[PDB]
Amino acid sequence: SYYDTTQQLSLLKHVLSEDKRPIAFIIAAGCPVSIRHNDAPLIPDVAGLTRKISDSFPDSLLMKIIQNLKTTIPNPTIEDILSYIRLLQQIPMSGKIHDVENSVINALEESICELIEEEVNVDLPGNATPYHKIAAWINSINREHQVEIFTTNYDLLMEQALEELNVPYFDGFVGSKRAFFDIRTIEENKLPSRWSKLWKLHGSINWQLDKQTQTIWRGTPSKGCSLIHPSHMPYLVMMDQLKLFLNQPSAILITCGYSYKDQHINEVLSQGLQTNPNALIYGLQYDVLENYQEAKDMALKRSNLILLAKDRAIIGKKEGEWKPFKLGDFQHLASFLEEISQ
Amino acid sequence: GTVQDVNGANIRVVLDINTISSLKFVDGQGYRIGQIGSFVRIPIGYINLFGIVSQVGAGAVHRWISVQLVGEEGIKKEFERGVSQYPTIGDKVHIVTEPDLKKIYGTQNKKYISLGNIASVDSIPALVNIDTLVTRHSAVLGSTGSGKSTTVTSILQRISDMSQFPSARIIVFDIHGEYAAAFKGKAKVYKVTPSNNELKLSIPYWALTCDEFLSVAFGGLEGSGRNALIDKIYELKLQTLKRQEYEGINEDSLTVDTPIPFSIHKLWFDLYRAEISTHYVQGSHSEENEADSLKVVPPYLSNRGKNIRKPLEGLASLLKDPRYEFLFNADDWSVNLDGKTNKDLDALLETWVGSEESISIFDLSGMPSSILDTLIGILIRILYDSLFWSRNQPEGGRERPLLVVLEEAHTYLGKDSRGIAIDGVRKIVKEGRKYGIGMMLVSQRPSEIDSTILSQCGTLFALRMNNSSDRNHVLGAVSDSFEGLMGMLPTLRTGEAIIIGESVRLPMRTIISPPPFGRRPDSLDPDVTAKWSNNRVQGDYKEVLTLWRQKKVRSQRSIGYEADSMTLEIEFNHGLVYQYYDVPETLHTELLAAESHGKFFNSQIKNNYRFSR
Amino acid sequence: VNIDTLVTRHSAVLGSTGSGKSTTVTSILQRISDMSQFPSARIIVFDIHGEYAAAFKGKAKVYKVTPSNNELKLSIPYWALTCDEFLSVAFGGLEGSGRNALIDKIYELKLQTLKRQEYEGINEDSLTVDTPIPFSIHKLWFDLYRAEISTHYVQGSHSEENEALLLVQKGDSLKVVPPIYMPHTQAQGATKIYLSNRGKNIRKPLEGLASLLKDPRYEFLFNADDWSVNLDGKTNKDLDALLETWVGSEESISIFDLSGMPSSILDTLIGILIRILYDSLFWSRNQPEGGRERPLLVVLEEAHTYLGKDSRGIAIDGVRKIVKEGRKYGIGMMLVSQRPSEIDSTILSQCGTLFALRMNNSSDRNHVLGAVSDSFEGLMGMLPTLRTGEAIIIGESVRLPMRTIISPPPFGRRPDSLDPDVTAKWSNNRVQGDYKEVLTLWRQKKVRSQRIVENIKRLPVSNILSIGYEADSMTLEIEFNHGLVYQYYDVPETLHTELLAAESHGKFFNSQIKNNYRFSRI
Amino acid sequence: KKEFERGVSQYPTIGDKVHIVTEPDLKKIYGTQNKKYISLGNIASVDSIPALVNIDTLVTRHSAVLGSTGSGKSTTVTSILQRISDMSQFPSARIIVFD
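Residues numbered from 1 in each chain as written, not as in the entry; some residues may be left out. Chains lettered and ligands numbered in written order. Part of a larger assembly, values for the part shown. Heavy atoms only, no water. Residues with missing side-chain atoms left out of burial classes, pairs and counts.

- As recorded in the PDB header, cryo-EM is the method behind this entry, and the stated resolution is 3.3 Å.

- As annotated in the PDB entry, chain D carries the name Helicase HerA central domain-containing protein and is attributed to Paenibacillus sp. 453mf.
- This entry carries the title "Cryo-EM structure of SIR2/HerA complex".

- Chain B carries the name Helicase HerA central domain-containing protein in the PDB entry, which gives Paenibacillus sp. 453mf as its organism.

Below, the structure is given as structure tokens:
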């Protein structure tokens, strides 16, 4: 019927105040858009980027691609159009359906990647950002188990904020000039207690492909050679580590700004929750609860996750609502974390 | 948490979870690791062996706890006392979650009444059968700072629902008169000098036994005066029987304890005229040789003078004392010079235990402390005799049981108390089990009450008790001792209680649900800071002297008014009446047109004119 | 379980109030006194709350205080008591010369009775105050009360022939009414009348005895039905009939229901009964009616209220004497209590067998552990977690201390006191009452109204077991279970005629007749 | 963050943390917003905290002063009477002393 916010907040503070249970973070596009340097948001989300690409790009020939995507799929985003372009470029004689030369689609893809790389790269504003506040919270407690951070974005705000307060982090790559990716150190998982690691699921802009042996590496951000691709084997390196951490007994994972639209991530989370009875994931849904039916399906099927919104909440596979939750947004979550820290 | 020991009635656990200890949540509800007030559950095959936690820490040997076994379930039947097989090593002990607690705290009987919410979770009810609460006994023990009035009044009001208890009958022997605001309109009020809406308590003295008459009126006569009083009482009873015919009463079987009125003012007049007036002619003491009765004024010396002049003088002084008005000057039982009253004692009984309400509040606040024990004994004995001698009719105590609550009983039920009230209480406790008369004790110093009388109470209401003597004395009277409940006594919040007895299936340390707003018991004590904060105004002690000489509390002097009388009147809450004098009518006319009903009053009428409450 | 040691070496049943010890005791008594196996059983129960009469419907005689349908009336003649117990019951233990005066009067009355009525083996030489010889108490009260108030007509001599009675009130001996005497006045002009010069200081005790005689609560003591004493000292029956009715009836179990007795003399009366039974079974230990040829068992309920450490009552002496000496004369004992910490340790230690039920607190468990002689650490740690109806038998009557489940009693034999029900009475709609009638009953000190029909003939058939009615009085009589009989007054013929033709016996009664008509339980 | 009230709610468990009380917390405990309470002195530990005592219940419920003759009970009684009968705050005080 009615669930009291105070009890849930107290339980969250209690579990966050204990260093025995390892913690994880999921930072989707909803957190980065919550910070605005100007009146407008500093970086718009996937919808904003898709709108900008559509308004910036005859235009009818380009729009035929979105029409073809909409024929069998809903309103496509940047990821959907990128996947379609990559699939078309996989087959040499695939542009005959649209009858547009043999390299116009590749030129459009290059223009799109240049546009997204130029748009996403921006310097962080002053120390009032929630990212700096979370980084400060990282050093607050001397946890014996490092906290893991998973990001689905593309920018470099996380590492900038972390290094602004001198906290170590590790993304798999080791090196100063080429940063050759290592698999042995990731598989060994023998790291010091003070060493935390930040894992990039969808890649970053500084990631580059050296071609030749198809080896990926990170370094100075260049133009063209980017691995922004969400799904397009580093991706398995992300997924197996995430799954292995989910199955650790007495593990807690928190998410913010994630709309449950990524089916594969939702499937992985559901599989991990079913596999591990001791796992626990807190979903901080945004806007209204009705906006994510997959969240309701996961809550009904899996009883190890709790979903809370600004108006309604479902705890233990039991539908309900508050009895008059600002924590849905990233700013209030960061404020909660910092007042716990003090 | 897996049990690794069986020690008769206290098992010990060795938890294997490294550091769970953080409100281990199951199915969206957060259970805690073994706490003081939590419940345990050790599964053995098919039956669920439950338990209650008593002590935590090194006191059990850290990872050892002191678990106490209470009960277990049969074949999915219910919560049963008496285990089948105490668990051994190898099985993990689980906890009683919220639904499991509901099942344990669930009852199929509709006589069970939900009295509140468990302190653990505010949803699970305390199903309490009210038959046990009224039929056996009750007792309320705790410190005054724990809020005893609130919990007691809440229990009484919940017990008295018109839809749930249409045949209720509750008598509260409150001494401070603090329950008038508690049930303003749901209970009658009986005082000595009521003001607005209360009935006036009246006690016919001739309806009591001879021993009570000797104790209260005669002051404890035992020699010649007592026997003369016996002779006079027998003669007066015979004269009353002869003058007026009483059904079932004649000159054949006139007993000493006969509740038939006899002249007492005339008796005092005779006992004064037989020892005051002088015989006109010596040798004879004739009544015609003189050398009022209702009025206390009395008119060779008379040879029939008694040696009870001092008791007679005491009786005469009592007859004029205003505090004895409710004792000797009952309205409908005012004994005429020939022993004739407008009404009978059946009218008194109908007025007391036959009103249209379910709860009746009788207050002895104005009673003198000189014979209060005898008065309490008289009231209890009158109720018991009325509902026992008429217990064969459906109007007796059996067919509509009664519950009498006695507060601050440690002064009248002490270890060495030899009064008449304690005898009546013992008689009730030993006989009313079939007669269906309930009793509930209220006190704030349990260490003084007799052990055996408290041991005869069915269910206890344990509040916060900081001193350890009270804890020891209470533990001496409870036969189901759980250290989880035995040690939580001195840290109870103001409003919580521990209910242990036959009225609950399991010992519940629940929360006394507060009574609805507007019904909160509180005696009308003066406000020290409010009274002492006002500036000094001129006084008139001549009126005080006149009142003291006259021994009268009535002076000679909603916004009402009377321009001829120049007395503006403003009324406060709770039935308070004020009469501000020397107030020009224009001021009150402006006040009636000021705001609505306030401000102006405190602004000008509060501290400028002599008032009268 | 051995039965010879269970009786000769005494027993005890201890448990908590929630452990259902009553069912265990009932089952044990039913099993021991089986007609098929033990045709010559002999059991006496000192029921206090009257919760055992219900269990034994027709298997045992019941001696209550006020009979209603078929139970007898308990009656203990006052002349069967000894001098000390009689003094402690009537006068409350006078210590002055009044005790000597009363003893002399008892001796004189007993001598006169022996002269009037011949008795075997008793003469003026072998007569003691202790001898149970009937004698009138009303005559004694009359004599002693008249020898203290009445004034002699002539001064100097205060003989009975000088009665200065104003004429009017001659007075009656059987009745409590005292005679009236003229006031003492030796002044000139009128006759000189002097008060009695032999009056003792026993006016108040005599007034108390008169009040006790007039009190209906002491009918079983001072108004025995077949053992009432006339002024000449003659009774309808003798003590042999009482003894035969107590421990010689055709029923194996006799139950004394002491619920309605006064609470201030219960200890003394229990001591009286114990002493009478012990003496009767001791002085005749050679005859076939004695204890040796037919052992007797005494069951005492709530033993913690009379066998305390510092109890000054009389029952404790009798209990100690039985426990110490019944092994030879064949008199057993069986103490039942729900508070072992109150029973005297020197008494609890001599009980051969212990039936330890579930105990909650620690004091009782510690006392039981201290008062045991055969303990196994495995079983004794199980005491606070015993199932309801399960017992741990320990003592000399078993080969090994074993944990048993007592066989439940047969259906319709579950003990249950007829305590009035709170829910039914409290939930019923309130009706008008008769204040005048209850006031008259209270003044009269009687429990029977005037409008009670005498001899209504009933017919066979919440449950209804019988139905009776009358057309002349128009009063309905409905008989329920447990011996309850009700009498509803002023009922039209239509209601009960329709009820007799209804589908069942009930429901409609609760629908229309239950709470509309004034009734009176008989 | 409401106030300090007598009576506990949930008892602690093994392994919990115990903390020393600092003077601000002592002020939070011994400090109250009720206007009836008046200051009679300071705590033994630190003199900053005032000793707030109810005055209406002290007068009406009952009182008592018990102590040895060498402990200066007369001075304490004089101080209490002077503080209770302050004219600025209580201009209508009425006290009778049977010296």
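Next comes the rest of the account.
## Looking at the overall build of chain B
Part 1 of the reasoning: Of regular secondary structure, chain B possesses 18 helices and 24 strands.
Part 2 of the reasoning: Rg of the C-alpha trace for chain B: 32 Å, well past the compact-globule value of 25 Å for 613 residues, more than 25% over. (Helix = DSSP H or I, 4+ residues; strand = E, 2+ residues; numbered from the N terminus. Rg over C-alpha atoms; globule rule 2.2 N^0.38 Å.)

## Here we look at the overall build of chain D
Part 1 of the reasoning: Check the secondary structure of chain D and you find 3 helices and 2 strands.
Part 2 of the reasoning: Going residue by residue from the N terminus, the α and β elements of chain D occur as α-β-β-α-α.
Part 3 of the reasoning: Scaling as 2.2 N^0.38, a compact globule of 99 residues should have a C-alpha radius of gyration of about 13 Å, whereas chain D reaches 18 Å, well beyond that.
Part 4 of the reasoning: Considered along the principal axes of its C-alpha atoms, chain D spans approximately 60 × 35 × 25 Å.
Part 5 of the reasoning: Looking at chain D alone, contacts between residues at least 24 apart form 17% of all its contacts between residues at least 6 apart. (Contact = heavy atoms within 4.5 Å.)

## As for the side chain of C:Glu390
Residue and element names in this part refer to chain C.
Part 1 of the reasoning: Among the structural elements, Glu-390 can be located in strand β11 (residues 390-395).
Part 2 of the reasoning: Within polar-contact distance, the side chain of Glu-390 engages the backbone nitrogen of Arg-387 at 3.0 Å.
Part 3 of the reasoning: At 3.1 Å, the side chain of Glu-390 and the side chain of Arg-403 are in polar contact.
Part 4 of the reasoning: With residues near it in sequence (within four places) discarded, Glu-390 still touches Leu-357, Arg-403, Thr-404 and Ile-405. (Polar contact = N/O pair within 3.5 Å; in protein donor to acceptor, adjacent residues only side chain to side chain.)

## Observations concerning the packing of helix α6 (residues 130-140) of chain A against helix α7 (residues 157-164) of chain A
The relative placement of two packed helices comes down to the angle between their axes together with the axis-to-axis distance.
All names here are of chain A.
Part 1 of the reasoning: Closest axis-to-axis distance for the α6/α7 pair is 8 Å, and the angle between their directions is 50 degrees. For the element pair α6 / α7, the angle class is oblique. In the crossing of α6 with α7, the sense of the turn from one axis to the other is right-handed. Contacts from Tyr-131, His-132 and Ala-135 of α6 reach α7 at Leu-157, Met-158, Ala-161, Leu-162 and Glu-164.
Part 2 of the reasoning: A breakdown of the residues in the contact of α6 with α7 according to their chemical character gives 6 nonpolar, 1 polar and 1 charged. (Axes fitted to C-alpha atoms, helices over the stretch in contact; angles between N-to-C directions. Parallel < 35°, antiparallel > 145°, perpendicular 65-115°, else oblique. Left-handed = near helix turned anticlockwise from the far one by under 90°. Nonpolar A, V, L, I, M, F, W, Y, C, P; charged D, E, K, R; others polar.)

## Some remarks on the interface of chain B and chain C
Part 1 of the reasoning: With 52 residues of chain B at the interface, the matching set in chain C holds 41 residues.
Part 2 of the reasoning: For the side of chain B that touches chain C, the secondary-structure elements that each account for two or more residues are α2 (130-135), α5 (224-243), α9 (345-353), α10 (372-389) and α11 (420-435) of chain B.
Part 3 of the reasoning: Tallied by class, residues from the side of chain B that touches chain C come to 18 nonpolar, 16 polar and 18 charged.

## Concerning the packing of aromatic side chains
Part 1 of the reasoning: With a centroid separation of 6.5 Å and 70 degrees between ring planes, the pair formed by B:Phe39 and B:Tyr105 is classed as edge-to-face.
Part 2 of the reasoning: Ring geometry for C:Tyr488 against C:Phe509: centres 5.6 Å apart, planes inclined by 75 degrees, an arrangement best described as edge-to-face. With C:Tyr488 in strand β16 (residues 485-488) and C:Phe509 in helix α17 (residues 508-513), this pair connects stretches of sequence that are 21 residues apart.
Part 3 of the reasoning: Within the aromatic cluster, the residues linked to one another by ring pairs are C:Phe480, C:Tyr486, C:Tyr488, C:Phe509 and C:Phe519.
Part 4 of the reasoning: Taking the ring centre of A:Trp137 as reference, the NZ or CZ of A:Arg143 above it sits at 4.3 Å. (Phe/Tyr/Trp six-rings, centres within 6.5 Å; stacked < 30°, edge-to-face > 60°. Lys NZ or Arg CZ within 6 Å of the ring centre and 35° of its normal.)

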